[PDB]
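Colleague: Below is one structure. I have some questions about it.
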2 protein chains.
Amino acid sequence: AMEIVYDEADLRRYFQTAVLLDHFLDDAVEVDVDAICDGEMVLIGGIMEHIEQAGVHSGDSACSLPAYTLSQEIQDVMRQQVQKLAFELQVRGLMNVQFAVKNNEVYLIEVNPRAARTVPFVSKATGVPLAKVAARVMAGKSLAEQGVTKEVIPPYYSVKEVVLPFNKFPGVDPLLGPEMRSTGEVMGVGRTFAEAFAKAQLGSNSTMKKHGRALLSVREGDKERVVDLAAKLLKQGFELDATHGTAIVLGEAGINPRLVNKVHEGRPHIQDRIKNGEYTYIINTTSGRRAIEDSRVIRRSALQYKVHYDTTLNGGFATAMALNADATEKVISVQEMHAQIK
Amino acid sequence: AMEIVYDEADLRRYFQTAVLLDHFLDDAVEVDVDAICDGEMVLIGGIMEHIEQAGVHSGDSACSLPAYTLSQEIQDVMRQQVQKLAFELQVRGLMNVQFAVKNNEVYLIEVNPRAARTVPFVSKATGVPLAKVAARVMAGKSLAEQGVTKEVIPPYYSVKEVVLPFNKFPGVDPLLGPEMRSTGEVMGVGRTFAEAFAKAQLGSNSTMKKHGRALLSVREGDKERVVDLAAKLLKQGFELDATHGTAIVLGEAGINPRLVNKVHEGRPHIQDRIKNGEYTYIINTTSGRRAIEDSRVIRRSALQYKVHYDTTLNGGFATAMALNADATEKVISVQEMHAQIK
Ligand SMILES: Nc1ncnc2c1ncn2[C@@H]1O[C@H](COP(=O)(O)OP(=O)(O)O)[C@@H](O)[C@H]1O
Ligand SMILES: Nc1ncnc2c1ncn2[C@@H]1O[C@H](COP(=O)(O)OP(=O)(O)O)[C@@H](O)[C@H]1O
Ligand SMILES: O=c1[nH]cnc2c1ncn2[C@@H]1O[C@H](COP(=O)(O)O)[C@@H](O)[C@H]1O
Ligand SMILES: O=c1[nH]cnc2c1ncn2[C@@H]1O[C@H](COP(=O)(O)O)[C@@H](O)[C@H]1O
Ligand SMILES: NCCC[C@H](N)C(=O)O
Ligand SMILES: NCCC[C@H](N)C(=O)O
Ligand SMILES: [Cl-]
Ligand SMILES: [Cl-]
Ligand SMILES: [K+]
Ligand SMILES: [K+]
Ligand SMILES: [K+]
Ligand SMILES: [K+]
Ligand SMILES: [Mn+2]
Ligand SMILES: [Mn+2]
């Protein structure tokens, strides 16, 4: 049971219900890097930039291949670091490295000297049978002999999205965290990131609509950013609703959402509205055990009433960008995909 | 110490704190009636409809001659009740009657068998020197004999507004109630109620503006009428702020004010905003001792910073109308006014 502790009090509190201790890189981009090491050289299979930030298990984050926001200069740090790590541990075959980017600063989160659950996606994305290769490598044939020496960078956008079992265990709080709960995955391919993403979202069984009313209820650290997001939804013709504190910040920015009541606050409240088909979209962020626990009802209602919802601001943005795309506009075969690869 | 208690708890509460017990006529129109009785007949000198409802001392209420909302039918009833009273108590000279209208029903508040403070204004408004006339009657000269037998209903509107000393005693909660606190009064003469009012308002040293942002923070009972108020303001070009509860009702009605925190809710709050010059107008109603005591800050801030404020919705509405008039437009002398009385 891993948990993010915010303060001293918090510490104890976990401790009771309860040891490695790590500092939580808040407001960090999480990255996945799959690579092969033949001993001579190192092939970078792919660099995946997660939509959801560090603190939300790789296993449950959507991810984009190539990175949709990261700087070449930084990818480059990780590129260099992995190489460094590959040779150092003596990687003979596949490997995976997970980083965390915070303030143009690369932090090593973990190294998995084996096949990661990211390979296939990465293989599909790049047209490079990553496993076959490391397989051939482990046995004795080099990256060099394989003529599999250069790192591929597709002409298109490959986004990976996950599917969660929440609907099977309704008593659970359908919320993202440090622990993985997802069962499967989908892949979205688009000319643009927004395209790919919309593809991955539709593919993941999302109920997200392109119209109606959105509900914004975010955590403190998300209050600043939520503005742009809200701006985006307004531009798309979404009508807005917001909880008190979230409504405060919005207003301070020229945006006047409809104020909605929390459960304990009166009527009607979020639950009633949700239940009444009042929303087509919900952006809900929450931080801290107690808070989470207290906000449970919205997520539960949302899931239950099939309202598309995001539990990360990063995830809200993606959802928004995707509103500008048409996931049924254009299809492309995988063979065509790899054909496009020079 | 004259207070209005709402519930049993309230009763006691006062009782510890502190006997005549009267049923409070909530949401009632207060009226003043000045008249003369020569024992032979009764002369109606003036029927004044207060802007502020019963519960706000007559002396601190703005008022209009002729009535601006009362039905002729209801006024006529009053006129008869006055007559009755006059005769019965043996009035010989001036008299004054105070009523409350609730649900198309007339209630007697009190009877002051003497010259009331409304006498000068009524005189000015009607061109009839009630004091002189009444003095005559007292002296033996009858109404018939003096040739003053018909009630005068002027061709223009006369609005009286008061001035309060709260500024002199910053420590006092600048709020209206059942006890009189005002030191003076002014008169506004207009072709319409809106005009008389605007004139009365301006002469009262009101800092009211015709543009800007308005703060709405009203009590439960006022939550319903507030919407129309908000609309009217919106129409006038004003922008809107509002406290939580008030915002909620507004939202439900299609009005999305900009949310503002209560002093104790955090920042940014009303005090901050008021202080910073965000508002040009403030509409704040509050009921019940504790509630009053708690909101005190909003009223104290409004005054200190010179923002125009109304503590009654009836007042807020009058203000609203006045926005549609120009007190600097037309001027009229008393002589001219009296001359129009045919
Ligand atoms: N120090 C940290 N700061 C931020 N996020 C972290 C940190 N450690 C772990 N995480 C998050 O938790 C996830 C799981 O941690 P990780 O060490 O990779 O565990 P696992 O072995 O279960 O895959 C990561 O994918 C990441 O989102
Ligand atoms: N029963 C009542 N219902 C509503 N308002 C009332 C009632 N009794 C008095 N008031 C309010 O209190 C004020 C003062 O009461 P009043 O009997 O006229 O006392 P005073 O001797 O001060 O003139 C009135 O002008 C009115 O606004
Ligand atoms: O009905 C509720 N009860 C408790 N918490 C809620 C409820 N609805 C939303 N929240 C949480 O409220 C937070 C936003 O609060 P705000 O700061 O007042 O806008 C988010 O972290 C939400 O998950
Ligand atoms: O800063 C404050 N502290 C306490 N009460 C306030 C404050 N500002 C406004 N009020 C009161 O809040 C009421 C409106 O509350 P609302 O229903 O949440 O909008 C009014 O009756 C106001 O007098
Ligand atoms: N990639 C995880 C699934 C996303 C889900 N809508 C959430 O934001 O909670
Ligand atoms: N007629 C009394 C003055 C009104 C004041 N603006 C208030 O509404 O409190
Ligand atoms: Cl369950
Ligand atoms: Cl003082
Ligand atoms: K992540
Ligand atoms: K691991
Ligand atoms: K009154
Ligand atoms: K009296
Ligand atoms: Mn991991
Ligand atoms: Mn009285």
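Each chain in the structure tokens gets a letter, A, B and so on, in the order shown; residues start at 1 in every chain, and ligands are counted from 1 in the order they appear.
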Go through chain B residue by residue and, counting only C-alpha atoms and all ligand atoms, keep those with an atom at most 7 Å from ligand 14; for each kept residue give the shortest atom pair and its distance in Å to one decimal, ordered by chain and increasing number, as a tab-separated table.
Modeller:
```
residue	atom	partner	partner_atom_place_in_ligand_line	distance
B:58	CA	ligand 14	1 (Mn)	6.4
B:98	CA	ligand 14	1 (Mn)	6.6
B:110	CA	ligand 14	1 (Mn)	6.1
```
Colleague: Just C-alpha atoms for this one: save the residues we selected as an mmCIF file, in the first residue's frame.
Modeller:
```cif
data_model
loop_
_atom_site.group_PDB
_atom_site.id
_atom_site.type_symbol
_atom_site.label_atom_id
_atom_site.label_comp_id
_atom_site.auth_asym_id
_atom_site.auth_seq_id
_atom_site.Cartn_x
_atom_site.Cartn_y
_atom_site.Cartn_z
ATOM 1 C CA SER B 58 -40.456 55.337 10.000
ATOM 2 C CA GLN B 98 -48.940 54.659 11.197
ATOM 3 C CA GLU B 110 -49.616 53.405 16.275
#
```
Colleague: Should the cut-off be 7 Å, what would the residue list for chain B against chain A look like, counting only C-alpha atoms, as a list in words?
Modeller: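 Listing them in order of chain and number gives residues 247, 248, 251, 256, 257, 258, 259 and 260 of chain B.
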Colleague: Show me a table, sorted first by chain and then by increasing residue number, of the residues of chain A having an atom at most 10 Å from ligand 7, each with its shortest atom pair and the distance in Å to one decimal, counting only C-alpha atoms and all ligand atoms and written as a tab-separated table.
Modeller:
```
residue	atom	partner	partner_atom_place_in_ligand_line	distance
A:166	CA	ligand 7	1 (Cl)	8.8
A:167	CA	ligand 7	1 (Cl)	8.7
A:168	CA	ligand 7	1 (Cl)	7.1
A:169	CA	ligand 7	1 (Cl)	3.7
A:170	CA	ligand 7	1 (Cl)	4.3
A:171	CA	ligand 7	1 (Cl)	3.5
A:172	CA	ligand 7	1 (Cl)	6.0
A:173	CA	ligand 7	1 (Cl)	9.5
```
Colleague: Looking at B:48, B:41, B:137, B:263, which one is nearest to residue 296 of chain B, with distances taken over only C-alpha atoms?
Modeller: B:263
Colleague: What residues of the protein or nucleic acid chains come within 10 Å of ligand 13 when you use only C-alpha atoms and all ligand atoms? Reply as a tab-separated table (two decimals) with N, CA, C and O atoms, in the first residue's frame.
Modeller:
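part-v9.tsv, freshly written:
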```
chain	number	residue	atom	x	y	z
A	32	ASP	N	8.67	7.32	-19.63
A	32	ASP	CA	9.06	5.93	-19.77
A	32	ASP	C	10.03	5.80	-20.92
A	32	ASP	O	9.82	6.37	-21.98
A	57	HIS	N	0.72	6.00	-11.13
A	57	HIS	CA	1.40	4.84	-11.71
A	57	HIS	C	1.49	4.83	-13.23
A	57	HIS	O	0.50	5.17	-13.86
A	58	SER	N	2.69	4.51	-13.77
A	58	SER	CA	2.89	4.45	-15.22
A	58	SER	C	1.75	3.63	-15.82
A	58	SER	O	1.07	4.04	-16.76
A	59	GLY	N	1.55	2.50	-15.13
A	59	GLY	CA	0.57	1.49	-15.40
A	59	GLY	C	-0.80	2.03	-15.59
A	59	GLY	O	-1.64	1.38	-16.17
A	96	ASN	N	14.11	-0.98	-19.23
A	96	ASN	CA	13.19	0.11	-19.09
A	96	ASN	C	13.64	1.06	-18.03
A	96	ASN	O	14.07	0.64	-16.95
A	97	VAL	N	13.51	2.34	-18.36
A	97	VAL	CA	13.85	3.37	-17.42
A	97	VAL	C	12.74	4.37	-17.28
A	97	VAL	O	12.13	4.84	-18.27
A	98	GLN	N	12.50	4.69	-16.01
A	98	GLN	CA	11.46	5.64	-15.68
A	98	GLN	C	12.07	6.82	-14.99
A	98	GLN	O	12.81	6.67	-14.02
A	99	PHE	N	11.77	7.98	-15.52
A	99	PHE	CA	12.30	9.24	-15.03
A	99	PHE	C	11.16	10.14	-14.55
A	99	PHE	O	9.96	9.86	-14.68
A	109	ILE	N	13.69	7.61	-11.38
A	109	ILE	CA	12.72	6.99	-10.48
A	109	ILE	C	12.97	5.51	-10.29
A	109	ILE	O	12.88	5.00	-9.17
A	110	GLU	N	13.30	4.81	-11.39
A	110	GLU	CA	13.58	3.38	-11.34
A	110	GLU	C	14.10	2.86	-12.67
A	110	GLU	O	13.94	3.52	-13.72
A	111	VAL	N	14.75	1.68	-12.58
A	111	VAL	CA	15.32	0.98	-13.70
A	111	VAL	C	14.85	-0.45	-13.66
A	111	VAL	O	15.02	-1.15	-12.66
A	112	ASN	N	14.23	-0.85	-14.74
A	112	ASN	CA	13.75	-2.20	-14.85
A	112	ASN	C	14.51	-2.84	-16.00
A	112	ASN	O	14.25	-2.54	-17.19
A	116	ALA	N	9.45	-4.43	-20.38
A	116	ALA	CA	8.44	-3.70	-19.65
A	116	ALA	C	7.13	-3.83	-20.37
A	116	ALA	O	7.07	-4.08	-21.58
A	178	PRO	N	-0.72	6.06	-7.10
A	178	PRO	CA	0.61	5.47	-7.17
A	178	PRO	C	0.58	3.97	-7.35
A	178	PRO	O	1.62	3.33	-7.62
A	179	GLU	N	-0.61	3.40	-7.18
A	179	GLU	CA	-0.71	1.98	-7.37
A	179	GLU	C	-1.48	1.72	-8.67
A	179	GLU	O	-2.41	2.48	-9.03
A	180	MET	N	-1.07	0.69	-9.39
A	180	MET	CA	-1.71	0.35	-10.66
A	180	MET	C	-2.95	-0.50	-10.45
A	180	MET	O	-2.93	-1.46	-9.66
```
Colleague: By how many Å are atom CA of residue 216 of chain A and atom CA of residue 321 of chain A apart?
Modeller: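 It comes out at 16.7 Å.
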Colleague: Using only C-alpha atoms, can you tell me which of A:327, A:313, A:215, A:21 comes closest to residue 271 of chain A?
Modeller: A:215
Colleague: Which chains and residue numbers are within 6 Å of ligand 5, counting only C-alpha atoms and all ligand atoms, if I want them as a tab-separated table (two decimals) with C-alpha atoms, in the first residue's frame?
Modeller:
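Once everything was written out, this is selection.tsv:
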```tsv
chain	number	residue	atom	x	y	z
A	60	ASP	CA	-2.39	3.75	-15.29
A	61	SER	CA	-1.26	6.81	-17.13
A	62	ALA	CA	-1.93	7.58	-20.63
A	161	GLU	CA	-4.57	4.95	-22.92
A	162	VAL	CA	-5.58	2.52	-20.14
A	175	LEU	CA	-9.42	7.48	-8.59
A	176	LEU	CA	-5.86	7.47	-9.97
A	309	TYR	CA	-14.23	12.43	-15.86
A	310	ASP	CA	-10.62	13.22	-15.36
A	311	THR	CA	-8.72	13.12	-12.13
A	312	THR	CA	-5.68	14.99	-13.32
A	315	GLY	CA	-5.59	14.59	-18.19
```
Colleague: Do you know which residues are within 7 Å of ligand 3 using only C-alpha atoms and all ligand atoms? Can you write them as a short mmCIF file (atom, residue, chain, number, x, y, z; two decimals) with N, CA and C atoms, in the first residue's frame?
Modeller:
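Contents of the output file pocket_34.cif:
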```cif
data_model
loop_
_atom_site.label_atom_id
_atom_site.label_comp_id
_atom_site.auth_asym_id
_atom_site.auth_seq_id
_atom_site.Cartn_x
_atom_site.Cartn_y
_atom_site.Cartn_z
N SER A 217 -13.88 21.13 -10.23
CA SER A 217 -13.65 21.05 -8.77
C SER A 217 -12.22 20.56 -8.51
N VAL A 218 -11.28 21.48 -8.48
CA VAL A 218 -9.90 21.08 -8.34
C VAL A 218 -9.20 21.47 -7.11
N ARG A 219 -8.10 20.77 -6.90
CA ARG A 219 -7.29 21.00 -5.72
C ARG A 219 -6.52 22.28 -5.80
N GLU A 220 -6.09 22.71 -4.63
CA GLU A 220 -5.33 23.92 -4.45
C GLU A 220 -4.24 24.14 -5.49
N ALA A 242 -18.86 25.13 -11.08
CA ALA A 242 -17.67 24.99 -10.26
C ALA A 242 -17.98 25.05 -8.78
N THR A 243 -17.14 24.39 -8.01
CA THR A 243 -17.33 24.41 -6.60
C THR A 243 -16.78 25.72 -6.13
N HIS A 244 -17.21 26.11 -4.96
CA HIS A 244 -16.82 27.36 -4.33
C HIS A 244 -15.41 27.88 -4.58
N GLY A 245 -14.43 27.24 -3.99
CA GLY A 245 -13.04 27.67 -4.12
C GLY A 245 -12.55 27.72 -5.54
N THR A 246 -13.01 26.79 -6.36
CA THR A 246 -12.62 26.75 -7.76
C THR A 246 -13.27 27.91 -8.51
N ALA A 247 -14.49 28.24 -8.09
CA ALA A 247 -15.26 29.30 -8.66
C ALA A 247 -14.62 30.62 -8.30
N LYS A 262 -21.40 21.56 -2.73
CA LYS A 262 -20.83 20.29 -2.37
C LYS A 262 -21.93 19.54 -1.68
N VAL A 263 -21.71 18.24 -1.46
CA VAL A 263 -22.78 17.47 -0.85
C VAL A 263 -23.30 18.03 0.46
N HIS A 264 -22.38 18.19 1.37
CA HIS A 264 -22.72 18.73 2.65
C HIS A 264 -23.23 20.18 2.60
N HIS A 269 -26.80 19.62 -4.88
CA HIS A 269 -25.38 19.46 -4.89
C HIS A 269 -24.90 18.65 -6.10
N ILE A 270 -23.57 18.57 -6.26
CA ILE A 270 -22.93 17.83 -7.34
C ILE A 270 -23.61 16.47 -7.64
N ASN A 284 -12.01 16.76 -11.90
CA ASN A 284 -11.92 16.77 -10.45
C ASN A 284 -10.57 16.43 -9.86
N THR A 285 -9.92 17.39 -9.26
CA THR A 285 -8.67 16.98 -8.72
C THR A 285 -8.79 17.10 -7.25
N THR A 286 -8.01 16.26 -6.59
CA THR A 286 -8.00 16.14 -5.15
C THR A 286 -6.68 15.62 -4.65
N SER A 287 -6.22 16.19 -3.55
CA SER A 287 -4.97 15.77 -2.96
C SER A 287 -5.14 15.53 -1.48
N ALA A 291 -8.98 14.45 2.15
CA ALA A 291 -9.70 15.17 1.14
C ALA A 291 -10.31 14.21 0.18
N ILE A 292 -9.47 13.26 -0.25
CA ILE A 292 -9.89 12.26 -1.22
C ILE A 292 -11.09 11.55 -0.70
N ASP A 294 -13.02 12.45 1.47
CA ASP A 294 -14.22 13.26 1.54
C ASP A 294 -14.91 13.51 0.22
N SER A 295 -14.14 13.53 -0.89
CA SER A 295 -14.66 13.80 -2.23
C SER A 295 -15.18 12.61 -2.98
N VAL A 297 -17.67 10.69 -3.15
CA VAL A 297 -18.99 10.70 -3.75
C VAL A 297 -19.07 11.22 -5.18
N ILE A 298 -18.33 12.27 -5.51
CA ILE A 298 -18.44 12.78 -6.86
C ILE A 298 -17.98 11.78 -7.91
#
```
